[PDB]
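Read-outs throughout are calculated quantities, based only on the coordinates presented, and are distinct from any laboratory measurement. Note that each Cβ is placed from the backbone with ideal geometry, even for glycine, and that neighbours are counted across all protein chains shown.
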Amino acid sequence: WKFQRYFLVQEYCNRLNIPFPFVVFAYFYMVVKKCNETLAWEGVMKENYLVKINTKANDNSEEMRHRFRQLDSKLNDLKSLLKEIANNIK
Amino acid sequence: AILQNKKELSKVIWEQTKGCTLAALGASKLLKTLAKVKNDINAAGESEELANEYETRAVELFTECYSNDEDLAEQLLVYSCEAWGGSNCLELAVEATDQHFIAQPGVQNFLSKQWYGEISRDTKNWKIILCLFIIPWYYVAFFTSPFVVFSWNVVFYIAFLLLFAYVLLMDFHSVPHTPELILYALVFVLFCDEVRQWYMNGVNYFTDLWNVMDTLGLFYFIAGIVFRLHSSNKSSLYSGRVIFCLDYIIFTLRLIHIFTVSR
Amino acid sequence: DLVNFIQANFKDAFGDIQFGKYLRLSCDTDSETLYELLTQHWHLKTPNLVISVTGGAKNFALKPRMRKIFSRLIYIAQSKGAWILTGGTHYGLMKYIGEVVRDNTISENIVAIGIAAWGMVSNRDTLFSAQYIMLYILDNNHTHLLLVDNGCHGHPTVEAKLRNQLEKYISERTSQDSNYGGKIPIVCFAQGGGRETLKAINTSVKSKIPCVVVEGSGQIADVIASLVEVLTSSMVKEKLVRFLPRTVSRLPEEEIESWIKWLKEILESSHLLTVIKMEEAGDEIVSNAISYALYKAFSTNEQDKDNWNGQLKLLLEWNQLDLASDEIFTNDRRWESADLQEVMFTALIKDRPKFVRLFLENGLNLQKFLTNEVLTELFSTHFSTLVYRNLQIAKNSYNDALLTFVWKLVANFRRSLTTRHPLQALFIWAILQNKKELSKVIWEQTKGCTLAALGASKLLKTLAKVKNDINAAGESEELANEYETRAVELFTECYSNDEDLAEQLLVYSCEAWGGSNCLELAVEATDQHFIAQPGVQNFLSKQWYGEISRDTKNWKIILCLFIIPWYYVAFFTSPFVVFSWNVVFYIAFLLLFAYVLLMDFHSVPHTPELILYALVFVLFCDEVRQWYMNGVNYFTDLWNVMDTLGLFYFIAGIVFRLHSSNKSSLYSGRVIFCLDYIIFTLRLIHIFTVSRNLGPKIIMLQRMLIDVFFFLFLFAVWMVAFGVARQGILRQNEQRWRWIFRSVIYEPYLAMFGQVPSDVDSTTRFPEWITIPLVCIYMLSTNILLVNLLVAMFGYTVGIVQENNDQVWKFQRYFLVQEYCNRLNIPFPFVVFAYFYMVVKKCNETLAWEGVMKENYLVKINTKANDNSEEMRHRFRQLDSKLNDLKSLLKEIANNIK
Ligand SMILES: CCCCCCCC(=O)OC[C@H](COP(=O)(O)O[C@@H]1[C@H](O)[C@H](O)[C@@H](OP(=O)(O)O)[C@H](OP(=O)(O)O)[C@H]1O)OC(=O)CCCCCCC
Ligand SMILES: CCCCCCCC(=O)OC[C@H](COP(=O)(O)O[C@@H]1[C@H](O)[C@H](O)[C@@H](OP(=O)(O)O)[C@H](OP(=O)(O)O)[C@H]1O)OC(=O)CCCCCCC
Ligand SMILES: CCCCCCCCCP(=O)(C(C)C)C(C)C
Ligand SMILES: CCCCCCCCCP(=O)(C(C)C)C(C)C
Ligand SMILES: [Ca+2]
Ligand SMILES: [Ca+2]
């Protein structure tokens, strides 16, 4: 119904906004007579949308795995440093 | 990028274009028409998939834009490009026949605002209809809304059908006289309107089956006119009368169209 | 005026450049002059200031990590109306910030000021508003720019002195409006490190102003972020050289010692500096670290440390729940009522639900807080005008009992159980503005929470019906759905816990929450789901059967009705027996009406006809009572309309027969009696709503009737279209149009469905050729099409109704059960005596149990939602933290050993 109603709404935009029986006079009168910022706002909204989809797609799923990876890497580095200092002691 | 089904490059470039929503709709329609081709099957499927993806992208982006702000979104909706394809995003959505894009609340609200015009919504329709007749300046705004124009057109068309029935049933003697002649004037006005419609759209005219029905009714009216005017024999007059009845059948059935307003 | 004053003060070379406002300043220029010029001519005093270090990198990389942070920072500055101080160069981060500010202004309230060097910048036309388009390049995207009137133009910075002096001076001023303690916060933002950036940070420490440094990015910022993690010169020296080989290579050996000394300066004061690591966490980091940076500073002052209120207000303004909850509210010192009264009042306005919950938990008598003055002020000053306009529209168009009640309450408040009900007023205030979290928080504090949930659901639905603005309608609809589900689940839990208390709660009329109980609120919103639940149906069954125990085979009760026509009093009081006797009496009345109409309707009415007058009079009195009870609710039910129409048709027949002027009058009265009989006998179908099997039939029948009504338009169009044709073509002339029409009007309407047209074709040489298409399109093409279309619609309506069976029937049965509650529990024919007797005669604990059940329900949903999912991650986090702490302790003990 909505798609069908679009055409009905469109049809009356082009008219002269006069009742049908009296629009003949308007037609005759016409015959005698003849002879940027919004785009910037759109870009801003696109910025927010792209953030919404990209970050929500990637970071939300990858955060836990990144946390585990960083924890493991940091612990391994600290263990290696402790081994180095222990070797230096002896 | 789009023509060659480069998905990632097209996605990257899309973010850099002003009027991104309009570009998305244009890409959607172009990819659909490309997919219709059958020269090679493999390309058609990738093109169809990319078109679907871009359709969803455009719908979501415009929904977000409208939810953020209303007036700017509405201005963006009708913003005719500098000849991206020569048309705004609404027309591109219509041509691709995206029921989903127009079904979204924002587009429907814009259409409602355009249809009711100055008259505020949340007004019980029966009150407006009553005001139409009880009161037949401030009234100028009331007289400019498309809804009131449509209502008056419906009333005039019903009156014209009533007069046509009266003339055909009772007064169709040899001399036409005023009741039969006034119908000529009315149908002439309708013919002029349809001529204007044809002039505006060279091919778009015959695209709508309603225009075809209107043309057929005009053609059937002229035949009856000629038959009655000749009046060579009573048989000719009777044939013209029957032709009038048939043209009446076509005319009165165009009324069903005005039921598209009602949900 | 202002320009001349500035020129005189400096004693010009300044222009309002437009390709915003550029000016020239001397290195010795007084700082107070700059602040006065900005405040009294161009800008309003700014609660918050941010200083972003510029010039560190000539080229800037638009990395998402480095980009979103600054976008969020600019958004925050716009929200709080802060200043941002940058270099203003065209190349680098300054241009990006300028573009962001420009788009946000396109999307005024945000002010950005740039500081440059008049000697280093390109030549500027002397002053009116000169225009420039293009050794240094300046953006001019910032609204205001200031150049340094250095004696000799030079590449090295010759304006940092003015920047430091200005920031220090601004710190030495007082602004009461801000939540800060009578001072204007000033926080540095060092994301792109460098030499001059390091010098500015070192000077910042001396300035005693907080600085925030980004980690994971920046030339030198990463060095700082790594360094923070006694003081050893080698430790602070080795890392810097390695991280930046080119910078160290270019610089002489004399520069490295100074750099290390400055790093030692940073190490001197760890409190002031703050680090923001972007490797983890989401958006709040941008707004967290900044706020955090401020809090530490507010702690350093002894007078500030003295007062809890400053820190509390600051954290509340910046919305950091954790910091305030842990550091402040864990103090355990006495928390008096007035404190939290003030902080709660300031929290409600700014839409801080979590802080409201925290205050309520820590102890605040909400009933004491919600004074009449507070409520009237809150409804008058902080009530958005758009919501008030929506309320006006809703009352004007979709008026309702609950909506008129709430509008009256709001009107009373604006211009001016216990009677007050303060919590209900606050809950309504929160609901009207679609404050989801605040409404959720307040709902838990209200007695009769289930009733409040249903009321909010209905109110939000009627608000959503409004179309003034689309955006609000959707949020309102969503919130209404959420509250509906909340209420249903809560009542289901309550009933499953206990039966009698739940039933008592169900009919417990409030102290005028809306003037009605929860059952009526559920009915008005038409919540089929709420009434479909087993508890409500069981309550309705108990009310309907009354004393008679359930699990009794209905045929046994029906048999007992007749076989036995004290203990019997209870059997005679159940609504079911009253309904059965009413049905029997109505059937008997219809039988007598048929007997009278068919056989005895002569001129003299006599006893059989008169007794029917008595009976219909009793029915009329009952309907009059029904009308009296409900002023408008009477005509709401279509059944009442049908009853009124039957009464009207009876009176006409009475008058016609009584006149008896002619036999024609008597015959007309008899026919009127038959028509009124048709209406009367069709009201019987209603008593089929009791039966489960036959219940959906009348509703489904009703929807079908609506579909017929809609299809009548199409049918009428077709009827006119082809009747006028047939009249014009088939025959010539007539006794006007009516004669020709009525001649054969019977055929198209009924014969087509009944029998095929036989004589029509025969009755019908161009006319001969043109006749066939007429009839062909007239009947076989369109009529068949239309009738089938109607038939398809009937099939779909029945399908959808029968698909959703056993939910429609329950809601329908509610009305049947309700109707007999109001009666006098007497059979219909004998209730006239009761009516006459009446005419002569005339002239807390449950709420506590409900709260307990709500407690259990809230536990059930909250804990199950959060802890069940978060337990594994919390376990891993705690294990990692404990292992790291133990490893650090082991490293410390190992170092101690050697
Ligand atoms: C037999 C000959 C023909 C007889 C005429 C019969 C012609 C005819 O069919 O009109 C009846 C029509 C029915 O009203 P109808 O309820 O269908 O109108 C729409 C409907 O109410 C939707 O439900 C509304 O949305 P929602 O529900 O809120 O979500 C929508 O508003 P919006 O959401 O889009 O804003 C409405 O547009 O009302 C008129 O008078 C229209 C002008 C008719 C001209 C009358 C001239 C006197
Ligand atoms: C032609 C003229 C009209 C003829 C009269 C015809 C009027 C008429 O239709 O009644 C038949 C009716 C059918 O019984 P019916 O099976 O539909 O009754 C319901 C049905 O059994 C449900 O299935 C039950 O739930 P469930 O299955 O266990 O889940 C429900 O009990 P509850 O679950 O709610 O507790 C029952 O209420 O039984 C009567 O006698 C009612 C008093 C009628 C008055 C009779 C007066 C003599
Ligand atoms: C000579 C051509 C006759 C075509 C008949 C179609 C008439 C349509 C007129 P309308 O659109 C109204 C604007 C008068 C009608 C549908 C109510
Ligand atoms: C004078 C008004 C006549 C209205 C007719 C409706 C009668 C309804 C009576 P009932 O409700 C029963 C209680 C007698 C019937 C449905 C069994
Ligand atoms: Ca047309
Ligand atoms: Ca009634």
Taking the stretch B:171-203 as the search range and keeping residues that are more than 23 Å from B:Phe259 (Cβ to Cβ) and polar (S, T, N, Q), which one is farthest from ligand 2 (Cβ to nearest atom)? B:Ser174
If we scan the stretch C:720-739, do we find a residue that is assigned to a loop (DSSP other than H, G, I, E, B), within 17 Å of B:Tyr248 (Cα to Cα) and more than 10 Å from chain B (Cβ to nearest Cβ)? yes
Taking the criterion of being over 30 Å from C:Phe576 (Cβ atoms), away from ligand 3 (no atom under 16 Å from the Cβ) and surrounded by 12 or more Cβ atoms within 10 Å (Cβ to Cβ), would at least one residue in the stretch C:636-649 satisfy it? yes
So A:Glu84, is it surrounded by 13 or more Cβ atoms within 10 Å (Cβ to Cβ) and more than 30 Å from B:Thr17 (Cα to Cα): no
Which residue pairs have Cβ atoms under 6 Å apart, sit 6 or more places apart or on different chains, and have a first residue in the stretch B:132-153 that is under 11 Å from A:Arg15 (Cβ atoms) and of a type outside the set (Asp, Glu) and a second that is assigned to a helix (DSSP H, G or I) and more than 16 Å from ligand 2 (Cβ to nearest atom)? B:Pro146/A:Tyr12; B:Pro146/B:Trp115; B:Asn153/A:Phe20
Going through C:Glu478, C:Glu511 one at a time, which residue ends up being surrounded by fewer than 17 Cβ atoms within 10 Å (Cβ to Cβ), out of contact with any helix residue (DSSP H, G or I) (no Cβ under 8 Å at 6 or more places or on another chain) and within 14 Å of another protein chain (Cβ to nearest Cβ)? C:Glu478
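With C:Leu162, C:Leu166, C:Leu146 as the choices, which residue is over 21 Å from C:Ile201 (Cβ atoms), buried (at least 19 other Cβ atoms within 10 Å of the Cβ) and touching a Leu at 6+ places or on another chain (Cβ under 9 Å)?
On the way: C:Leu162 fails: over 21 Å from C:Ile201 (Cβ atoms); C:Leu166 fails: over 21 Å from C:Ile201 (Cβ atoms).
The conditions single out C:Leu146.
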Considering only the stretch C:164-184, I want to know if a residue exists there that is farther than 30 Å from C:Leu316 by Cα and part of a loop (DSSP other than H, G, I, E, B). no
Residue ranges of helices (runs of 4 or more DSSP H) in the stretch C:251-357 with at least 3 members under 23 Å from C:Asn179 (Cα atoms): C:284-300, C:302-306, C:308-318, C:337-349
Scan the stretch C:570-590 and tell me whether some residue there is among the hydroxyl-bearing types (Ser, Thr, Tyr), exposed (fewer than 15 other Cβ atoms within 10 Å of the Cβ) and assigned to a helix (DSSP H, G or I). no
Among the residues in the stretch C:867-885, are any away from chain A (no Cβ under 14 Å) and on the phi < 0 side of the Ramachandran plot? yes
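Does the stretch A:27-46 hold any residues that are among the hydroxyl-bearing types (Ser, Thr, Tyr), over 24 Å from B:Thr21 (Cβ atoms) and within 10 Å of another protein chain (Cβ to nearest Cβ), and which are they? Steps first, answer last, please.
Of the stretch A:27-46, the ones among the hydroxyl-bearing types (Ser, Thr, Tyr) are A:27, A:29, A:38.
Right, trim to over 24 Å from B:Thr21 (Cβ atoms) and you get A:27, A:29.
Passing the criteria: only A:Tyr27.
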Of the residues that make up the stretch C:448-457, is at least one closer than 27 Å to C:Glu855 by Cα, away from chain B (no Cβ under 14 Å) and touching a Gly at 6+ places or on another chain (Cβ under 6 Å)? yes
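If I filter the stretch C:560-569 down to residues being of a type in the set (A, V, I, L, M, F, W, C) and not in a helix (DSSP H, G or I), which single residue comes out as nearest to ligand 4 (Cβ to nearest atom)?
Initially, the stretch C:560-569 is screened for residues of a type in the set (A, V, I, L, M, F, W, C), giving C:560-564, C:566, C:569.
Applying the additional criterion that residues be not in a helix (DSSP H, G or I) yields C:564, C:566.
On the way: C:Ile564: 22, C:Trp566: 25 Å.
Per the stated criteria, the residue is C:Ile564.
Can you tell me which residues in the stretch C:99-127 are small (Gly, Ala, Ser) and either over 18 Å from C:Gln78 (Cα atoms) or within 36 Å of the chain's Cα centre (by Cα) (or both)?
C:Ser107, C:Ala112, C:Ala116, C:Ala117, C:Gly119, C:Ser122
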Might you let me know whether the stretch B:237-244 holds any residue that is farther than 16 Å from C:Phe766 by Cα, among the polar types (S, T, N, Q), buried (at least 19 other Cβ atoms within 10 Å of the Cβ) and within 11 Å of chain C (Cβ to nearest Cβ)? no
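In this structure, does A:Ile18 turn out to be among the aliphatic types (A, V, I, L, M), facing another protein chain (nearest Cβ under 9 Å) and either within 35 Å of the chain's Cα centre (by Cα) or surrounded by fewer than 10 Cβ atoms within 10 Å (Cβ to Cβ) (or both)?
On the way: among the aliphatic types (A, V, I, L, M): yes; facing another protein chain (nearest Cβ under 9 Å): yes; either within 35 Å of the chain's Cα centre (by Cα) or surrounded by fewer than 10 Cβ atoms within 10 Å (Cβ to Cβ) (or both): no.
So A:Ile18 does not fit the description; no.
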For B:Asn201, work out the one condition from (1) away from ligand 1 (no atom under 16 Å from the Cβ); (2) over 14 Å from the mean Cα position of the chain (by Cα); (3) of a type in the set (S, T, N, Q) it doesn't fulfil. (2)
With the checklist (1) away from ligand 4 (no atom under 16 Å from the Cβ); (2) out of contact with any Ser or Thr (no Cβ under 6 Å at 6 or more places or on another chain); (3) in a helix (DSSP H, G or I) in hand, flag the one item C:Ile685 doesn't pass. (1)
For the stretch C:501-560, enumerate the residues that are among the aromatic types (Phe, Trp, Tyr) and closer than 23 Å to C:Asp806 by Cα. C:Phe530, C:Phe539, C:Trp544, C:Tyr545, C:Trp555
I'd like the full set of residues that are farther than 23 Å from A:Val23 by Cα and within 13 Å of chain A (Cβ to nearest Cβ), limited to the stretch B:209-230. B:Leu209
Can C:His153 be described as part of a loop (DSSP other than H, G, I, E, B) and surrounded by fewer than 21 Cβ atoms within 10 Å (Cβ to Cβ)? yes
Do you know which residues across the stretch C:439-486 are assigned to a loop (DSSP other than H, G, I, E, B), away from ligand 1 (no atom under 16 Å from the Cβ) and polar (S, T, N, Q)? C:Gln445, C:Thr446
Of the criteria (1) surrounded by fewer than 18 Cβ atoms within 10 Å (Cβ to Cβ); (2) under 22 Å from the mean Cα position of the chain (by Cα), which one C:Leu432 fails: (1)
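Within the group C:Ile651, C:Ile611, C:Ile557, which residue is more than 14 Å from chain B (Cβ to nearest Cβ), within 14 Å of ligand 2 (Cβ to nearest atom) and either under 52 Å from the mean Cα position of the chain (by Cα) or in a helix (DSSP H, G or I) (or both)?
When all the criteria are applied, what remains is C:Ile557.
Counting only residues that are within 16 Å of ligand 5 (Cβ to nearest atom), give me the helices (runs of 4 or more DSSP H) lying completely in the stretch B:99-142 with at least 2 of them. Walk me through it before giving the result.
Details: elements: B:99-103, B:105-116, B:125-134, B:139-142.
So the answer is none; nothing clears 2.
Given the criterion among the basic types (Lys, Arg), assigned to a helix (DSSP H, G or I) and touching a helix residue (DSSP H, G or I) at 6+ places or on another chain (Cβ under 6 Å), identify the matching residue among C:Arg625, C:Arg670, C:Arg703. Break it down into steps so the answer makes sense when it comes.
Details: C:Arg625 fails: touching a helix residue (DSSP H, G or I) at 6+ places or on another chain (Cβ under 6 Å); C:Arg670 fails: touching a helix residue (DSSP H, G or I) at 6+ places or on another chain (Cβ under 6 Å).
When all the criteria are applied, what remains is C:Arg703.
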What tally of residues in the stretch C:47-70 results from selecting those that are within 14 Å of chain A (Cβ to nearest Cβ) and either more than 22 Å from C:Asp283 (Cβ to Cβ) or surrounded by fewer than 19 Cβ atoms within 10 Å (Cβ to Cβ) (or both)? 6
